[PDB]
Amino acid sequence: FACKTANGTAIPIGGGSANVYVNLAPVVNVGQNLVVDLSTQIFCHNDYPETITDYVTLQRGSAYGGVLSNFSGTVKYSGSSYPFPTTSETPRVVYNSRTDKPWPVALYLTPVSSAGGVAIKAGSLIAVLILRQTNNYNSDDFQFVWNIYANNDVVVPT
Ligand SMILES: CCCCCCCO[C@H]1O[C@H](CO)[C@@H](F)[C@H](O)[C@@H]1O
């Protein structure tokens, strides 16, 4: 089991970490969602589907900088919604193919009432998402750490 980003940055068997640079909607009004869809950014696969089933969860999702200060978050994992920053490990997603499958994580961020102006700064860390991988074969328990960065400023109109 290993993962890669849309630009080809890989995290090999055993886990590790990688940076993910995301383009964000430049203008987000109070009452609207800023959607950060990681399913177009992070892809994973099973290296031995003939014998092994891989189990994948979002173990933790943490908010940073402007996302932590200016937004009220929700994380959607494989069609179910949870608070973001996270309060528990999600259920598992099964990886049973050698063909790349997107990691089904999306952040839904709505401005808090005090937000206004430059709510997210270009180049800042916005989130850290922990992908946890286990299997039905051995004792492997690996973490694939995704450091999410904003490519641009996000303005919340006043
Ligand atoms: C004849 C025995 C060969 C065993 C191959 C083991 C390959 O291990 C990797 O891929 C597995 C499937 O994706 C993961 F279960 C592991 O955790 C590990 O990532």
# chains A, B, ... in the order shown; residues from 1 in each chain; ligands from 1
>>> residues_near_ligand(ligand="ligand 1", cutoff="9 Å", atoms="only C-alpha atoms and all ligand atoms", output="ChimeraX atom specification")
/A:1-2,12-15,45-49,51-55,95-98,133-142
>>> residues_around(residues="residue 129 (chain A)", least_positions_apart="2", cutoff="7 Å", atoms="only C-alpha atoms", output="CSV table (one decimal) with N, CA, C and O atoms, in the first residue's frame")
chain,number,residue,atom,x,y,z
A,60,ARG,N,-7.0,11.3,11.9
A,60,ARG,CA,-7.1,12.7,12.5
A,60,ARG,C,-7.0,13.7,11.4
A,60,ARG,O,-6.3,13.5,10.4
A,61,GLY,N,-7.7,14.8,11.6
A,61,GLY,CA,-7.7,16.0,10.7
A,61,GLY,C,-7.6,17.2,11.6
A,61,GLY,O,-8.5,17.5,12.5
A,62,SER,N,-6.5,18.0,11.5
A,62,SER,CA,-6.3,19.2,12.3
A,62,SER,C,-6.3,20.5,11.5
A,62,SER,O,-5.9,20.4,10.3
A,127,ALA,N,-4.3,22.7,6.9
A,127,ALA,CA,-4.7,21.4,7.5
A,127,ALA,C,-3.6,20.4,7.5
A,127,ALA,O,-2.7,20.4,6.7
A,131,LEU,N,-3.8,9.9,7.3
A,131,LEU,CA,-4.3,8.7,6.7
A,131,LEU,C,-3.7,7.5,7.5
A,131,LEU,O,-2.5,7.4,7.5
A,145,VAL,N,0.9,11.1,6.3
A,145,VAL,CA,0.6,12.4,6.8
A,145,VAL,C,0.6,13.4,5.7
A,145,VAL,O,1.6,13.6,5.0
A,146,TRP,N,-0.6,14.0,5.4
A,146,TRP,CA,-0.8,15.0,4.4
A,146,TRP,C,-0.8,16.4,4.9
A,146,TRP,O,-1.8,16.7,5.6
A,147,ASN,N,0.2,17.2,4.6
A,147,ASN,CA,0.3,18.6,5.0
A,147,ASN,C,-0.3,19.5,3.9
A,147,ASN,O,0.3,19.5,2.8
>>> atom_distance(atom1="CA of residue 101 (chain A)", atom2="CA of residue 76 (chain A)")
16.4 Å
>>> atom_distance(atom1="CA of residue 75 (chain A)", atom2="CA of residue 99 (chain A)")
25.0 Å
>>> closest_residue(among="A:16, A:66, A:73, A:85", to="residue 153 (chain A)", atoms="only C-alpha atoms")
A:66
>>> residues_around(residues="residue 117 (chain A)", least_positions_apart="2", cutoff="8 Å", atoms="only C-alpha atoms", output="PyMOL selection string")
chain A and resi 115+119+155-158
>>> residues_around(residues="residue 37 (chain A)", least_positions_apart="4", cutoff="12 Å", atoms="only C-alpha atoms", output="VMD selection string")
chain A and resid 20 to 25 33 41 to 42 74 to 78 102 to 109 148
>>> select_by_dssp(residues="chain A", states="helix (DSSP H, G or I)", output="list in words")
residues 38, 39, 40, 65, 66, 67, 68, 69 and 70 of chain A
>>> atom_distance(atom1="CA of residue 56 (chain A)", atom2="CA of residue 124 (chain A)")
27.1 Å
>>> select_by_dssp(residues="chain A", states="strand (DSSP E)", output="VMD selection string")
chain A and resid 2 to 5 10 to 11 16 to 22 34 to 37 42 to 45 54 to 63 71 to 77 80 to 84 93 to 95 101 to 102 105 to 111 117 to 120 125 to 135 142 to 150 154 to 156
>>> closest_residue(among="A:94, A:10, A:88, A:122", to="residue 152 (chain A)", atoms="only C-alpha atoms")
A:122
>>> closest_residue(among="A:44, A:118, A:30, A:154", to="residue 9 (chain A)", atoms="only C-alpha atoms")
A:44
>>> decode(residues="region 21-43 of chain A", atoms="N, CA and C atoms", output="compact mmCIF listing (two decimals), in the first residue's frame")
# COMPACT_ATOMS: atom_id res chain seq x y z
N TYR A 21 -0.47 21.13 -2.15
CA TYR A 21 -0.73 22.54 -2.44
C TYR A 21 -2.03 22.61 -3.18
N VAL A 22 -3.01 23.31 -2.58
CA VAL A 22 -4.35 23.38 -3.14
C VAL A 22 -4.80 24.78 -3.54
N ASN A 23 -5.52 24.85 -4.66
CA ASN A 23 -6.11 26.11 -5.14
C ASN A 23 -7.43 26.25 -4.42
N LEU A 24 -7.73 27.45 -3.90
CA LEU A 24 -8.96 27.69 -3.16
C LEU A 24 -9.79 28.77 -3.81
N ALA A 25 -11.13 28.69 -3.67
CA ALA A 25 -12.04 29.73 -4.19
C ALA A 25 -11.55 31.07 -3.60
N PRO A 26 -11.27 32.10 -4.44
CA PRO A 26 -10.69 33.35 -3.90
C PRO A 26 -11.60 34.20 -3.02
N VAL A 27 -12.92 34.02 -3.18
CA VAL A 27 -13.95 34.76 -2.46
C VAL A 27 -14.96 33.79 -1.88
N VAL A 28 -15.16 33.86 -0.56
CA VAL A 28 -16.11 33.00 0.16
C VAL A 28 -16.94 33.86 1.07
N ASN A 29 -18.24 33.93 0.84
CA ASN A 29 -19.10 34.75 1.70
C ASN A 29 -19.50 33.99 2.96
N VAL A 30 -19.85 34.74 4.02
CA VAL A 30 -20.43 34.14 5.22
C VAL A 30 -21.74 33.47 4.71
N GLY A 31 -21.98 32.24 5.13
CA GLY A 31 -23.15 31.48 4.68
C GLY A 31 -22.85 30.56 3.51
N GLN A 32 -21.62 30.63 2.95
CA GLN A 32 -21.19 29.76 1.85
C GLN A 32 -20.09 28.81 2.33
N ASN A 33 -19.88 27.71 1.61
CA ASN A 33 -18.82 26.76 1.92
C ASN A 33 -17.62 26.92 1.02
N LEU A 34 -16.44 26.85 1.62
CA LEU A 34 -15.17 26.76 0.90
C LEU A 34 -14.95 25.23 0.90
N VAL A 35 -14.89 24.64 -0.28
CA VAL A 35 -14.73 23.18 -0.37
C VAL A 35 -13.29 22.86 -0.78
N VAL A 36 -12.62 22.03 0.01
CA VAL A 36 -11.25 21.58 -0.26
C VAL A 36 -11.37 20.07 -0.53
N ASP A 37 -11.52 19.69 -1.80
CA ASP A 37 -11.70 18.29 -2.20
C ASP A 37 -10.37 17.57 -2.41
N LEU A 38 -9.92 16.81 -1.40
CA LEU A 38 -8.66 16.06 -1.45
C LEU A 38 -8.72 14.82 -2.34
N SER A 39 -9.95 14.38 -2.75
CA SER A 39 -10.12 13.22 -3.61
C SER A 39 -9.54 13.43 -5.02
N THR A 40 -9.29 14.69 -5.41
CA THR A 40 -8.68 14.99 -6.72
C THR A 40 -7.16 15.17 -6.53
N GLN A 41 -6.71 15.12 -5.27
CA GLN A 41 -5.32 15.37 -4.91
C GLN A 41 -4.53 14.18 -4.40
N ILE A 42 -5.20 13.25 -3.68
CA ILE A 42 -4.54 12.11 -3.02
C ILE A 42 -5.11 10.79 -3.54
N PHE A 43 -4.22 9.87 -3.99
CA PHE A 43 -4.60 8.60 -4.59
C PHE A 43 -3.81 7.46 -3.97
